[PDB]
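Q: Coordinates for the following, if possible.
(chains A, B, C, D and E)
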Amino acid sequence: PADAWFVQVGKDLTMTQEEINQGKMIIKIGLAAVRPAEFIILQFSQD
Amino acid sequence: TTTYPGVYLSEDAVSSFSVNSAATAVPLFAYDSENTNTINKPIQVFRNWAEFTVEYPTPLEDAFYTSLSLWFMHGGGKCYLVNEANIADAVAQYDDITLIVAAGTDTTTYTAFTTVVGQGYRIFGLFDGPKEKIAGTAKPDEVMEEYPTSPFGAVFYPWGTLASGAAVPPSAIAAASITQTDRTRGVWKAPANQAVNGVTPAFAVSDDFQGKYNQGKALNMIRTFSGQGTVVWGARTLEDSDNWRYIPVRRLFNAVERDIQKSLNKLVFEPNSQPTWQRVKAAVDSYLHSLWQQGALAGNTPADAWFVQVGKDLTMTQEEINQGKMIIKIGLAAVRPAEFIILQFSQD
Amino acid sequence: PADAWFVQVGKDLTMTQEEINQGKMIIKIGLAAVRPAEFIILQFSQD
Amino acid sequence: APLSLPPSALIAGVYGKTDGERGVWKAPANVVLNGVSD
Amino acid sequence: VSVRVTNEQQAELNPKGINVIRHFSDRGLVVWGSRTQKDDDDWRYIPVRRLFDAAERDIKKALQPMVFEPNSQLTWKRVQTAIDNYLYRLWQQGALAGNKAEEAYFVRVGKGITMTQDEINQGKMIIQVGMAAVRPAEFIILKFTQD
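A: Numbering: from 1, shown residues only, chains lettered A, B, ... in the order given. The protein structure is shown below:
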């Protein structure tokens, strides 16, 4: 579940020293949701 | 396409393929155009002995009536009967002809035989011999220039006489020996020592008159022994070259390709790619491996007996792939008859 | 009586996969019959 | 009397089967025309 | 029958595969031959055609209730199992020509196998399934030998 989302907050990965002096506290998180299986195709073979 | 939501399903695109065996014996015979006691229809199709009797109710004496009665009596199957002006049409249509025998016709038959060879139909005829009684005083060659030299055919001299009725041309006697051979044990064995029944040869030839007619060309006499009788003797084709002698080694290559060419007609216009090359290579050698255990072609370590190769740079380089060509080559070593058996004594 | 006859039928001892797809079902059985004692020879000795 | 027909109509439908199972990259030749006299 | 067929033209009509109603003396009329029309080694037999035609129609009717569910991983193992327990019951009643191993089905629904990431976004699933049907046994060949 480190692959499913990520959260990061720091001092030099984001929001460097000058925009800390303006008060800003910026973060970013990103995650991958699920999607419906609208189309279901199925393949027959011989093996 | 994937237009609307729901459950779709697809199936496989292509399946496996393999070759089907053979037929190995469908002859067409030599009718005579000037003959009277017969039908004016050029092409007749006979399947067994039943309809031949209802078409011909009376026993006749002509060379064709004595020939089909000798074909069916030793088994036989689906055989045709065409006039001697329409061989070049009947072979190109019916797609299963193997033998062109001569029922007492020589002059106009040899031209129509070498015609369908000229287009490369991969056929094997067989001819008649001279009429009666080579005196044997001299002249070993002058009886042999009236026969078209080709690796297709033999002559079968001694003119068996069919002591029941009138004479029988020896093309019918040779064609009856092939019928009880391929049904019994394969096509790679020569129609050589399987005996025929009800036919006696008119002459007694020799032990040594076979000898001077064994080189150059292939008289292939019909000689009667003690015990086994009226048997055929000698299986040799018209040339003497070390690639093409021994009639069974000709018919082996003649019937190992008429089943591959028949099968690959449903594989043309297929994409010339990598999954094709590994599928034909894996389908041909599975037919040869079934043919190696049966004793048709000789050799241990069956990578030594044959070879199959197909690729991108070993054969058919990039420019002739762009022209569409798909060329292969396979090569195999067949068996040959043990015509001469010599044996050495010593003391050790 | 395993020596008198033999019967065998299978998948790779006989009738491999491609000729199964053509429908063929091939077998082979082999057996050794009896033969008449047409000639009877008999030997005398002294031991 | 049977009427003739220029074959540009029914040959469009045979491109609709080859792209179904085999795809675009297969040349339609061995496909069999479905329903004709001669 | 209307016209009496014999064995010598049975040889011609059994290729270009069409079937035949035969007449026998001891048992009367009987149907004969079970070959379909087009003659590649894919499907030349009636039951091999009709076995794949019935196995699809039963699984396609029951996947229709689940046609808008999310494409996560716990849905994949629940579908792959309900297909696994359908071919196994059909295998152990003598309809899939496999030996005493498992090799009659390879149903797989994963994401690393059989799919990848970019067709999840145009919502799809791929069910690679395959069987090994049984062929009818005709042309029984004896080939007696001496030893």
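Q: May I have the beta-bridge partners of residue E:124?
A: Under DSSP bridges, the beta-bridge partners of residue E:124 are residue A:39.
Q: does the residue nearest in space to the middle of chain A sit in a helix, a strand or a coil?
A: Nearest residue to the geometric centre of chain A (Cα atoms, centre = their mean): residue A:30, 2.2 Å. Here residue A:30 is recorded as strand under DSSP: H, G, I helix; E, B strand; the rest coil.
Q: My read is that it contacts residue A:8, right?
A: No: counting by Cβ atoms under 8 Å, residue A:30 sits too far from residue A:8 to count as a contact (9.3 Å). In this view, the C-beta of every residue, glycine as well, is placed from N, C-alpha and C.
Q: Which neighbouring residues are in contact with residue 37, exactly?
A: Looking at chain A here, since you left the chain open. The neighbours of residue A:37, taking Cβ atoms under 8 Å, 6 or more residues apart in numbering or on different chains as the test, are E:67, E:68, E:69, E:70, E:71, E:75, E:123, E:124, E:125.
Q: The intended chain is chain D.
A: Residue D:37 neighbours (Cβ under 8 Å, 6+ apart): residue D:2.
Q: A helix includes it, no?
A: No: counting by three-state DSSP, residue D:37 is not part of a helix but coil.
Q: Excluding covalently adjacent residues, which one is nearest to the residue nearest to the centre of chain A?
A: residue A:6 (5.8 Å; Cβ to Cβ, 6 or more residues apart in numbering or on different chains).
Q: next one: residue E:110
A: Nearest residue to residue E:110, sequence neighbours excluded (Cβ to Cβ, 6+ apart): residue E:76, at 6.7 Å.
Q: distance of that neighbour from residue E:86?
A: 16 Å (Cβ to Cβ, to the nearest Å).
Q: if we can go back for a sec, can you tell me which of the contacts of residue A:37 is nearest chain D?
A: Nearest to chain D among these: residue E:124, at 17.4 Å, using Cβ to the nearest Cβ.
Q: What segments of the chain are strands?
A: Chain wasn't specified; assuming chain A. Along chain A, counting by DSSP state E, strands occupy A:5-8, A:28-31, A:39-46.
Q: The intended chain is chain E.
A: Under DSSP E, chain E gives strands at E:20-24, E:28-32, E:124-131, E:140-141.
Q: same for the last one, what does it pack against?
A: Contact analysis of strand E:140-141 by 3 or more Cβ pairs under 8 Å, 6 or more residues apart in numbering or on different chains; DSSP states H and E lists strand C:25-26 as its packing neighbours.
Q: Is chain B within reach of the strand it packs on?
A: No: using Cβ under 8 Å from any Cβ of the partner chain, we find that strand C:25-26 stays clear of chain B, coming within 11.0 Å at best.
Q: The closest residue to residue E:55 other than its chain neighbours and chain C: what is the separation?
A: Closest residue to residue E:55 apart from its sequence neighbours, by Cβ to Cβ, 6+ apart: residue E:131 at 7.1 Å. Per Cβ to the nearest Cβ, to the nearest Å, residue E:131 is found 14 Å from chain C.
Q: ok, residue E:131 - contacts?
A: A:44, A:46, E:51, E:52, E:55, E:87, E:96, E:104, E:105.
Q: Identify the residue nearest the last one in space, chain neighbours excluded?
A: Once its chain neighbours are removed from consideration, residue E:105 has its nearest residue in residue E:87; the separation is 4.5 Å (Cβ to Cβ, 6+ apart).
Q: Kindly report the same for the first one.
A: Nearest-residue entry for residue A:44: residue B:11, 4.8 Å, with adjacent residues in sequence omitted and distances by Cβ to Cβ, 6+ apart.
Q: do the third one as well
A: Across the structure, with Cβ to Cβ, 6+ apart as the measure, the residue nearest residue E:51 apart from its sequence neighbours is residue E:133 (5.1 Å).
Q: The one you found and residue C:15, how far apart?
A: Using Cβ to Cβ, residue E:133 is found at 17 Å from residue C:15.
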